[PDB]
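In what follows, a single structure is set out as structure tokens and then discussed.
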Amino acid sequence: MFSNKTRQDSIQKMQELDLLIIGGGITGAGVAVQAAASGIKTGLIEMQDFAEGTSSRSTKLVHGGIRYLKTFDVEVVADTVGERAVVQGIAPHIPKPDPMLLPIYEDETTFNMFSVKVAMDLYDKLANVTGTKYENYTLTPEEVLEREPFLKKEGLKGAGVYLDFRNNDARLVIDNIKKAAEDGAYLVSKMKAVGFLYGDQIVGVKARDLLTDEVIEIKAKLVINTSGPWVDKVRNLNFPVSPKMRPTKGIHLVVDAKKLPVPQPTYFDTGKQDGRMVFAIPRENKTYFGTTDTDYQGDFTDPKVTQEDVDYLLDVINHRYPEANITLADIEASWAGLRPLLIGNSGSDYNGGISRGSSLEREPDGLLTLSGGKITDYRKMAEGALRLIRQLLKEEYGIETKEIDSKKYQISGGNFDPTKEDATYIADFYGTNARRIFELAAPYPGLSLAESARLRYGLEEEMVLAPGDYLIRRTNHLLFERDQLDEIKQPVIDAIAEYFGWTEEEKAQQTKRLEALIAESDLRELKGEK
Amino acid sequence: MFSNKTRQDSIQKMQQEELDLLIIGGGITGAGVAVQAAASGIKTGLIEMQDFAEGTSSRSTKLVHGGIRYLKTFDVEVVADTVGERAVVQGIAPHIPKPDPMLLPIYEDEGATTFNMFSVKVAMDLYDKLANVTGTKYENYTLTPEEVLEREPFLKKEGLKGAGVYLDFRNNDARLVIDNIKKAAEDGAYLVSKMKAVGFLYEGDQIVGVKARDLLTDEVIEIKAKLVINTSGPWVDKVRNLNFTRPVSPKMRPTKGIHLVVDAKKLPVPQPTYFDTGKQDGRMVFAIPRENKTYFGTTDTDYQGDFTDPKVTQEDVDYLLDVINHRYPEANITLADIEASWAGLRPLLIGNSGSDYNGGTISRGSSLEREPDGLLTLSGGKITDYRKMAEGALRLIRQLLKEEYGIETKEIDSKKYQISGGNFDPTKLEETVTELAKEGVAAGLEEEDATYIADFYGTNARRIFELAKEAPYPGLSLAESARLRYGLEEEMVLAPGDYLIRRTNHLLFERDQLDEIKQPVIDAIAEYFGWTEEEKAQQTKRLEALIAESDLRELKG
Ligand SMILES: Cc1cc2nc3c(=O)[nH]c(=O)nc-3n(C[C@H](O)[C@H](O)[C@H](O)COP(=O)(O)OP(=O)(O)OC[C@H]3O[C@@H](n4cnc5c(N)ncnc54)[C@H](O)[C@@H]3O)c2cc1C
Ligand SMILES: Cc1cc2nc3c(=O)[nH]c(=O)nc-3n(C[C@H](O)[C@H](O)[C@H](O)COP(=O)(O)OP(=O)(O)OC[C@H]3O[C@@H](n4cnc5c(N)ncnc54)[C@H](O)[C@@H]3O)c2cc1C
């Protein structure tokens, strides 16, 4: 059990914990996955749902960064392919091998047909891939147009193909939390930290239950802040400090596969003389692409896509594919996110052109803060967190904290061997936990057999409190299967209403929430009503 | 024989019947062209204003550098091209460019460096791979600070973090030109030194020959030829301007560079060393061992003035001494410690730099072009690409001889045509030197000298060994005498400096022993040519001037 039941118990049990963690993203989720495995009594709190922050709004990939070889920044490339190795090892059901395609042009560079080849050999050598079935290779201008029919011809010299990975971020967070649960940790989502319990120090926190206006006080030896782009907002809860962050907005658009077919990931130049590059990626029967870099000020819980972000991106896909003719009217889904950057770094520092871009400082009040960084280095940042924690529990309290190896502790649903039609999907999506799903496959009105269990499983096991957490973060219904959402939408909500036995007004408020969300995704407010 | 006598017969033939190809300039670029034309059957002539190599081909860095710096901006094709042609040159002249691994120390207090301990490793591995060197006896390796000071205890310690060691070659530029020249002569080419082109001959607006002046006798002759190719290095514009019937746009813009020599006890470096100037100007300086000395440079300044005898300025010297005194803090080197030196002009095409050499169509930085009047010009390039430059030129030459006159020519593989003294298995230099040295010992020479001469002359050591067997000149050792006699009869020595400066390492690298042999060498050449007493006194005054300039006597006041 891991639902609203397990939830209420947790809240009560936290009524002096060893460690309190603020933030339920990939960062907070990684700290706990390790602390629990090491003994510490831990109690984490996530203001909204799990992973509903930036950790569900990224490019959704694990790019190697081959681009860095242009300035011979070889140590950065080695770290990256190296850490990417661990993760794939501790979560064999999430990041998957999805070789990428990099076309070469003499009209417009970065590499030529001769240099891409040597760049890809140094890449596989550092990645220790050199030899396996995923070894790089090149393509002739003829054999490139085959795979991608609408790809610009004027000036095509061919292309290169090297290893890269697909990675659902939301699932990475949840299966880390679900493993943190199994190890006894008070994980409470939908609970917001609103104040601090103080002489001059910090001994506790005062949280609010967003499900019930009840205010509780928490007691713990140490309080660590891992609120991502919210790092400063959480800090300022202590009424004198200065800013440490400066986030940027990036967005993505989505279209039907037949409006822009691409059998594999494709990286290329914008063509607007700004040095930026763009992706066009496949994902089920769709193809999404992007992204975007712009200073942002306003609401952090729901950043919005505008006309100018659309203009910019359309001008890019239309130049790289002159035969597509894509307009605002072709987009079926979308999303926006904010990058947790420290004053000084930029968005291009993610792929070229304590951890790289992150820090772990301790405030004078005694608050630990882990900021910046990037999802691909989540496990690595937490190991550096558990260090200033296993030492801080002794030099001040004398607790015998254990020692582990995060690089080898496999998480939820993925404990099998690394080199491991709707039961096929279920296996390759939940991995191991697909076993528990089958046992449950007593359907529901308007739904299907399989779709019933994946919903029941969410409620029983994935802390599904609201319907949106299911169609958005626990599965790919809203973002990649829009054209199938309207014949499962109402049914799903009623099974939720049933399981929770909400009420005729709690049910009304919920549905109201799905309306606002789906609409902002489908940019109805821009289309002057679709 | 290849001497003043051969010279005089060549001068008559070039006047008897028309040539198919006449070459202007006897440095590495013309020597290169001459060898490939001769081997192909093309009747060939070549004229050189001074001695062979007296221009910029005897004034370079005397190294064959790989260009590992180019990996910093991932310019891999340039590096592949360079290590690849270096292997090709070693195959045709295994007795000149030799292996001599480079030491590259790493520092953290310098601010903005090229590589760090982590990055030099992946750079040296990529370097060896591109050069098919990984898996051989010269594959790279790194050193720790304490390992570095073990080899050079006098290197700046503040910040030293270790070193990288990778493969590179030492190269004698003057000996490389003359062994290409000797090969061309053996294959029939008419080669004349101390002969200057002073004008063109015409039939309409079309060049059909050259008027040449014999600098030794004030005589002026006419040479008829089907094609004329200009390979005069930094003098490329000045030669093109011998056509006064048409002013023309300049292609060149030469820069100057110098090199200084001190005795090794003053800067003991066991192997070549490469480092930052410390003047944050983006440049690098070398410290290299040669015989029992250490030489260092170089500089890079815009120039105007006489092209035949460029001079070292006090400003060139202070720039270099500031670099060495910063890199080795206890050595304290000043002008008084310098015993020899040289300066030359880079043949750059308007728009290029000395920097592009080491990462500071035909080949990088060169061009092959024909003028409206029929004159062909081959300009730019660098010494390490000489054979590749001659190949592109021969390609156009055969195509013009067939089309315009119906003349078929044999196609040779220049990548395998070994030059003078280099006819032996390139992978077995030491075995070949061990054997030849025996033939030398059985001739009356000592162990040290026979090995030297075999390593320096290669196969040609046998002729040196034969003459040795047969008559020491007054004041000279059996060994020295045999080298000089070989010089006069087989290497076209015509004046004292040709021998002490370019055929041997006497002036530059053994200055401390030059006085013992200076006069005996002039006397032997004097009697051998049978000079008037007035002629000898002038050949003497001229050599003294060359020594005064190397010694930096004026600056020293
Ligand atoms: C456009 C874009 C592209 C990206 N591309 C890459 C990439 O290519 N490679 C890469 O490695 N990374 C990439 N990233 C970055 C990566 O997604 C983030 O670094 C990562 O998701 C940050 O995780 P986090 O847990 O620190 O922050 P979040 O995921 O935002 O989690 C922090 C949580 O704190 C919670 N919180 C805030 N205040 C409170 C409070 N008062 N009480 C309780 N909880 C609170 C919030 O609800 C939030 O869920 C990209 C990001 C963006 C925006
Ligand atoms: C300081 C310095 C550093 C350098 N660094 C490098 C390096 O690291 N790597 C590299 O590969 N290269 C390097 N170079 C360049 C290399 O030395 C030259 O490219 C090469 O020697 C030039 O060949 P060249 O034969 O074209 O000219 P040259 O040797 O100059 O010869 C041209 C010849 O034609 C003759 N001539 C002129 N006019 C007439 C006439 N009217 N009649 C008859 N003959 C005439 C001249 O007397 C001369 O002998 C460097 C040069 C310098 C000076």
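Naming scheme: A, B, ... for chains in displayed order of the structure tokens; residues 1 onward per chain; ligands 1 onward as shown.
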| message | Neighbouring residues of residue 311 in chain B were defined as those with any atom within 10 Å, considering only C-alpha atoms; residues of the same chain fewer than 5 positions away were excluded. Please report them as an MDAnalysis selection string. | response | chainID B and resid 256:258 305:306 316 341:344 549:550 552
| request: Please identify every residue of chain A that has at least one atom no more than 12 Å from any atom of chain B, counting only C-alpha atoms, and report them as a PyMOL selection string. | output: chain A and resi 67-78+110-119+121-123+125-126
Give the residues close to ligand 1, within 6 Å, counting only C-alpha atoms and all ligand atoms; write them as a PDB file with N, CA, C and O atoms, in the first residue's frame.
```
ATOM      1  N   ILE A  22      12.694  19.241   2.186  1.00  0.00           N
ATOM      2  CA  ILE A  22      11.689  20.096   1.544  1.00  0.00           C
ATOM      3  C   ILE A  22      11.794  20.065  -0.007  1.00  0.00           C
ATOM      4  O   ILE A  22      12.709  20.637  -0.603  1.00  0.00           O
ATOM      5  N   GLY A  23      10.848  19.398  -0.654  1.00  0.00           N
ATOM      6  CA  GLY A  23      10.860  19.328  -2.099  1.00  0.00           C
ATOM      7  C   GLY A  23      10.704  17.902  -2.576  1.00  0.00           C
ATOM      8  O   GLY A  23      11.480  17.016  -2.205  1.00  0.00           O
ATOM      9  N   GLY A  24       9.707  17.679  -3.422  1.00  0.00           N
ATOM     10  CA  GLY A  24       9.480  16.335  -3.907  1.00  0.00           C
ATOM     11  C   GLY A  24       9.841  16.055  -5.347  1.00  0.00           C
ATOM     12  O   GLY A  24       9.199  15.192  -5.978  1.00  0.00           O
ATOM     13  N   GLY A  25      10.857  16.769  -5.859  1.00  0.00           N
ATOM     14  CA  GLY A  25      11.307  16.582  -7.230  1.00  0.00           C
ATOM     15  C   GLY A  25      12.350  15.485  -7.314  1.00  0.00           C
ATOM     16  O   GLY A  25      12.428  14.636  -6.421  1.00  0.00           O
ATOM     17  N   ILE A  26      13.156  15.493  -8.376  1.00  0.00           N
ATOM     18  CA  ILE A  26      14.197  14.478  -8.512  1.00  0.00           C
ATOM     19  C   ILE A  26      15.289  14.693  -7.454  1.00  0.00           C
ATOM     20  O   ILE A  26      15.913  13.726  -6.983  1.00  0.00           O
ATOM     21  N   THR A  27      15.513  15.947  -7.070  1.00  0.00           N
ATOM     22  CA  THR A  27      16.535  16.208  -6.073  1.00  0.00           C
ATOM     23  C   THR A  27      16.135  15.617  -4.704  1.00  0.00           C
ATOM     24  O   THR A  27      16.825  14.733  -4.184  1.00  0.00           O
ATOM     25  N   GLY A  28      15.025  16.104  -4.142  1.00  0.00           N
ATOM     26  CA  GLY A  28      14.535  15.615  -2.866  1.00  0.00           C
ATOM     27  C   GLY A  28      14.330  14.114  -2.924  1.00  0.00           C
ATOM     28  O   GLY A  28      14.683  13.397  -2.005  1.00  0.00           O
ATOM     29  N   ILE A  45       8.568  16.372   2.517  1.00  0.00           N
ATOM     30  CA  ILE A  45       7.295  17.019   2.208  1.00  0.00           C
ATOM     31  C   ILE A  45       7.274  17.786   0.865  1.00  0.00           C
ATOM     32  O   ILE A  45       8.071  18.705   0.634  1.00  0.00           O
ATOM     33  N   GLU A  46       6.332  17.402   0.001  1.00  0.00           N
ATOM     34  CA  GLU A  46       6.156  17.998  -1.323  1.00  0.00           C
ATOM     35  C   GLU A  46       4.856  18.809  -1.414  1.00  0.00           C
ATOM     36  O   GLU A  46       3.759  18.251  -1.331  1.00  0.00           O
ATOM     37  N   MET A  47       5.007  20.121  -1.573  1.00  0.00           N
ATOM     38  CA  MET A  47       3.902  21.075  -1.707  1.00  0.00           C
ATOM     39  C   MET A  47       2.782  20.646  -2.693  1.00  0.00           C
ATOM     40  O   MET A  47       1.601  20.766  -2.369  1.00  0.00           O
ATOM     41  N   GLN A  48       3.133  20.172  -3.888  1.00  0.00           N
ATOM     42  CA  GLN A  48       2.130  19.727  -4.862  1.00  0.00           C
ATOM     43  C   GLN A  48       2.256  18.211  -4.978  1.00  0.00           C
ATOM     44  O   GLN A  48       2.527  17.518  -4.006  1.00  0.00           O
ATOM     45  N   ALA A  51       7.061  15.155  -8.360  1.00  0.00           N
ATOM     46  CA  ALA A  51       7.551  15.461  -9.705  1.00  0.00           C
ATOM     47  C   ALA A  51       6.722  16.472 -10.506  1.00  0.00           C
ATOM     48  O   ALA A  51       6.883  16.591 -11.718  1.00  0.00           O
ATOM     49  N   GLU A  52       5.853  17.217  -9.843  1.00  0.00           N
ATOM     50  CA  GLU A  52       5.017  18.160 -10.577  1.00  0.00           C
ATOM     51  C   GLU A  52       5.722  19.489 -10.762  1.00  0.00           C
ATOM     52  O   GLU A  52       5.129  20.474 -11.193  1.00  0.00           O
ATOM     53  N   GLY A  53       7.009  19.506 -10.442  1.00  0.00           N
ATOM     54  CA  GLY A  53       7.790  20.726 -10.594  1.00  0.00           C
ATOM     55  C   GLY A  53       8.544  20.717 -11.918  1.00  0.00           C
ATOM     56  O   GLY A  53       7.978  20.383 -12.960  1.00  0.00           O
ATOM     57  N   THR A  54       9.825  21.063 -11.888  1.00  0.00           N
ATOM     58  CA  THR A  54      10.617  21.074 -13.106  1.00  0.00           C
ATOM     59  C   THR A  54      10.934  19.656 -13.560  1.00  0.00           C
ATOM     60  O   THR A  54      11.070  19.404 -14.745  1.00  0.00           O
ATOM     61  N   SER A  55      11.027  18.727 -12.619  1.00  0.00           N
ATOM     62  CA  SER A  55      11.366  17.344 -12.953  1.00  0.00           C
ATOM     63  C   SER A  55      10.355  16.590 -13.807  1.00  0.00           C
ATOM     64  O   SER A  55      10.390  15.368 -13.875  1.00  0.00           O
ATOM     65  N   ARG A  57       9.070  18.674 -16.591  1.00  0.00           N
ATOM     66  CA  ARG A  57       8.996  19.641 -17.666  1.00  0.00           C
ATOM     67  C   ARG A  57      10.310  19.858 -18.419  1.00  0.00           C
ATOM     68  O   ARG A  57      10.555  20.948 -18.936  1.00  0.00           O
ATOM     69  N   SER A  58      11.150  18.831 -18.493  1.00  0.00           N
ATOM     70  CA  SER A  58      12.418  18.970 -19.208  1.00  0.00           C
ATOM     71  C   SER A  58      12.399  18.397 -20.640  1.00  0.00           C
ATOM     72  O   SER A  58      11.357  18.007 -21.162  1.00  0.00           O
ATOM     73  N   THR A  59      13.557  18.345 -21.283  1.00  0.00           N
ATOM     74  CA  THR A  59      13.602  17.818 -22.650  1.00  0.00           C
ATOM     75  C   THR A  59      13.296  16.314 -22.690  1.00  0.00           C
ATOM     76  O   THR A  59      13.025  15.752 -23.751  1.00  0.00           O
ATOM     77  N   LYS A 192       2.618  21.580   2.091  1.00  0.00           N
ATOM     78  CA  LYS A 192       3.512  22.746   1.940  1.00  0.00           C
ATOM     79  C   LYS A 192       4.205  23.328   3.180  1.00  0.00           C
ATOM     80  O   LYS A 192       3.553  23.601   4.188  1.00  0.00           O
ATOM     81  N   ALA A 193       5.526  23.530   3.093  1.00  0.00           N
ATOM     82  CA  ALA A 193       6.309  24.137   4.179  1.00  0.00           C
ATOM     83  C   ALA A 193       6.044  25.675   4.118  1.00  0.00           C
ATOM     84  O   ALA A 193       6.305  26.350   3.127  1.00  0.00           O
ATOM     85  N   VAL A 194       5.502  26.212   5.197  1.00  0.00           N
ATOM     86  CA  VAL A 194       5.107  27.616   5.241  1.00  0.00           C
ATOM     87  C   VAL A 194       5.839  28.484   6.273  1.00  0.00           C
ATOM     88  O   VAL A 194       5.685  29.713   6.296  1.00  0.00           O
ATOM     89  N   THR A 226      15.520  21.391  -0.880  1.00  0.00           N
ATOM     90  CA  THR A 226      15.778  20.948  -2.252  1.00  0.00           C
ATOM     91  C   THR A 226      14.518  21.281  -3.060  1.00  0.00           C
ATOM     92  O   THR A 226      13.870  20.399  -3.648  1.00  0.00           O
ATOM     93  N   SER A 227      14.187  22.570  -3.092  1.00  0.00           N
ATOM     94  CA  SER A 227      13.000  23.041  -3.784  1.00  0.00           C
ATOM     95  C   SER A 227      13.195  23.494  -5.245  1.00  0.00           C
ATOM     96  O   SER A 227      12.335  24.189  -5.797  1.00  0.00           O
ATOM     97  N   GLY A 228      14.316  23.109  -5.864  1.00  0.00           N
ATOM     98  CA  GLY A 228      14.586  23.482  -7.254  1.00  0.00           C
ATOM     99  C   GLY A 228      14.538  24.987  -7.493  1.00  0.00           C
ATOM    100  O   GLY A 228      15.181  25.734  -6.778  1.00  0.00           O
ATOM    101  N   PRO A 229      13.771  25.465  -8.490  1.00  0.00           N
ATOM    102  CA  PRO A 229      13.701  26.910  -8.752  1.00  0.00           C
ATOM    103  C   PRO A 229      13.086  27.729  -7.625  1.00  0.00           C
ATOM    104  O   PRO A 229      13.099  28.966  -7.649  1.00  0.00           O
ATOM    105  N   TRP A 230      12.531  27.024  -6.645  1.00  0.00           N
ATOM    106  CA  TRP A 230      11.912  27.649  -5.476  1.00  0.00           C
ATOM    107  C   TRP A 230      12.914  27.852  -4.305  1.00  0.00           C
ATOM    108  O   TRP A 230      12.537  28.284  -3.215  1.00  0.00           O
ATOM    109  N   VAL A 234      11.819  29.440  -0.597  1.00  0.00           N
ATOM    110  CA  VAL A 234      11.823  28.673   0.628  1.00  0.00           C
ATOM    111  C   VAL A 234      12.783  29.299   1.654  1.00  0.00           C
ATOM    112  O   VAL A 234      12.469  29.317   2.853  1.00  0.00           O
ATOM    113  N   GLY A 250      11.686  27.554 -20.804  1.00  0.00           N
ATOM    114  CA  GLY A 250      11.922  26.766 -21.996  1.00  0.00           C
ATOM    115  C   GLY A 250      10.617  26.024 -22.270  1.00  0.00           C
ATOM    116  O   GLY A 250       9.931  25.603 -21.324  1.00  0.00           O
ATOM    117  N   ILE A 251      10.249  25.859 -23.540  1.00  0.00           N
ATOM    118  CA  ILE A 251       8.990  25.167 -23.854  1.00  0.00           C
ATOM    119  C   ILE A 251       9.131  24.133 -24.951  1.00  0.00           C
ATOM    120  O   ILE A 251      10.137  24.091 -25.655  1.00  0.00           O
ATOM    121  N   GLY A 337       8.602  24.942 -18.770  1.00  0.00           N
ATOM    122  CA  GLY A 337       9.275  24.705 -17.506  1.00  0.00           C
ATOM    123  C   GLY A 337      10.296  25.773 -17.179  1.00  0.00           C
ATOM    124  O   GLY A 337      10.680  26.551 -18.050  1.00  0.00           O
ATOM    125  N   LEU A 338      10.735  25.818 -15.922  1.00  0.00           N
ATOM    126  CA  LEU A 338      11.725  26.805 -15.482  1.00  0.00           C
ATOM    127  C   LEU A 338      13.004  26.085 -15.061  1.00  0.00           C
ATOM    128  O   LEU A 338      12.953  25.084 -14.340  1.00  0.00           O
ATOM    129  N   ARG A 339      14.144  26.587 -15.530  1.00  0.00           N
ATOM    130  CA  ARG A 339      15.444  25.996 -15.225  1.00  0.00           C
ATOM    131  C   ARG A 339      15.996  26.549 -13.908  1.00  0.00           C
ATOM    132  O   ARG A 339      16.035  27.780 -13.700  1.00  0.00           O
ATOM    133  N   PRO A 340      16.416  25.655 -12.991  1.00  0.00           N
ATOM    134  CA  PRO A 340      16.972  26.102 -11.709  1.00  0.00           C
ATOM    135  C   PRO A 340      18.455  26.459 -11.922  1.00  0.00           C
ATOM    136  O   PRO A 340      19.337  25.627 -11.717  1.00  0.00           O
ATOM    137  N   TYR A 350      23.922  23.279 -20.618  1.00  0.00           N
ATOM    138  CA  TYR A 350      23.461  21.914 -20.368  1.00  0.00           C
ATOM    139  C   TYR A 350      24.097  20.890 -21.300  1.00  0.00           C
ATOM    140  O   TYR A 350      24.378  19.761 -20.889  1.00  0.00           O
ATOM    141  N   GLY A 373      22.435  22.513 -10.605  1.00  0.00           N
ATOM    142  CA  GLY A 373      22.620  21.176 -11.128  1.00  0.00           C
ATOM    143  C   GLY A 373      21.657  20.801 -12.235  1.00  0.00           C
ATOM    144  O   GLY A 373      21.027  21.680 -12.834  1.00  0.00           O
ATOM    145  N   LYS A 374      21.542  19.498 -12.493  1.00  0.00           N
ATOM    146  CA  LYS A 374      20.673  19.008 -13.535  1.00  0.00           C
ATOM    147  C   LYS A 374      20.289  17.544 -13.321  1.00  0.00           C
ATOM    148  O   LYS A 374      21.070  16.754 -12.794  1.00  0.00           O
ATOM    149  N   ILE A 375      19.078  17.193 -13.744  1.00  0.00           N
ATOM    150  CA  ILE A 375      18.537  15.859 -13.547  1.00  0.00           C
ATOM    151  C   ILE A 375      19.474  14.696 -13.764  1.00  0.00           C
ATOM    152  O   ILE A 375      19.490  13.774 -12.975  1.00  0.00           O
ATOM    153  N   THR A 376      20.266  14.726 -14.821  1.00  0.00           N
ATOM    154  CA  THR A 376      21.192  13.626 -15.080  1.00  0.00           C
ATOM    155  C   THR A 376      22.205  13.404 -13.956  1.00  0.00           C
ATOM    156  O   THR A 376      22.752  12.305 -13.834  1.00  0.00           O
TER     157      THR A 376
END
```
| query | Within 6 Å of ligand 2, counting only C-alpha atoms and all ligand atoms, which protein or nucleic acid residues do you find, written as a ChimeraX atom specification? | reply | /B:24-29,47-50,52-57,59-61,196-197,231-235,239,256-258,344-347,357,381-384
| said: I need the residues of range 283-380 of chain A that end up classed as strand (DSSP E or B) by DSSP on the backbone, written out as a list in words. | reply: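 Of range 283-380 of chain A, the ones in strand (DSSP E or B) are residues 283, 285, 286, 287, 288, 289, 290, 294, 295, 333, 334, 335, 336, 337, 338, 339, 342, 355, 358, 359, 360, 361, 362, 368, 369, 370, 371 and 372 of chain A.
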Dump as a compact mmCIF listing (two decimals), in the first residue's frame, selection limited to C-alpha atoms:
```txt
# COMPACT_ATOMS: atom_id res chain seq x y z
CA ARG A 283 7.49 9.47 -28.69
CA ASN A 285 2.63 8.02 -32.37
CA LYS A 286 3.81 11.58 -31.94
CA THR A 287 6.83 13.78 -32.52
CA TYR A 288 7.74 16.65 -30.20
CA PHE A 289 10.38 19.27 -30.54
CA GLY A 290 12.08 22.34 -29.01
CA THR A 294 13.84 33.33 -22.18
CA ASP A 295 14.04 35.42 -18.99
CA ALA A 333 -0.05 19.27 -26.91
CA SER A 334 2.63 21.34 -25.14
CA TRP A 335 4.36 22.35 -21.90
CA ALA A 336 6.73 24.84 -20.31
CA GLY A 337 9.28 24.71 -17.51
CA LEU A 338 11.72 26.81 -15.48
CA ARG A 339 15.44 26.00 -15.23
CA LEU A 342 22.48 29.90 -10.26
CA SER A 355 28.52 18.99 -9.15
CA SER A 358 25.23 23.04 -8.34
CA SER A 359 26.19 23.90 -4.78
CA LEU A 360 25.55 22.70 -1.21
CA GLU A 361 25.91 25.54 1.31
CA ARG A 362 24.73 25.71 4.94
CA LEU A 368 21.20 22.96 4.38
CA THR A 369 20.54 23.99 0.74
CA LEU A 370 21.24 21.92 -2.40
CA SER A 371 20.63 23.99 -5.56
CA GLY A 372 21.29 24.21 -9.31
```
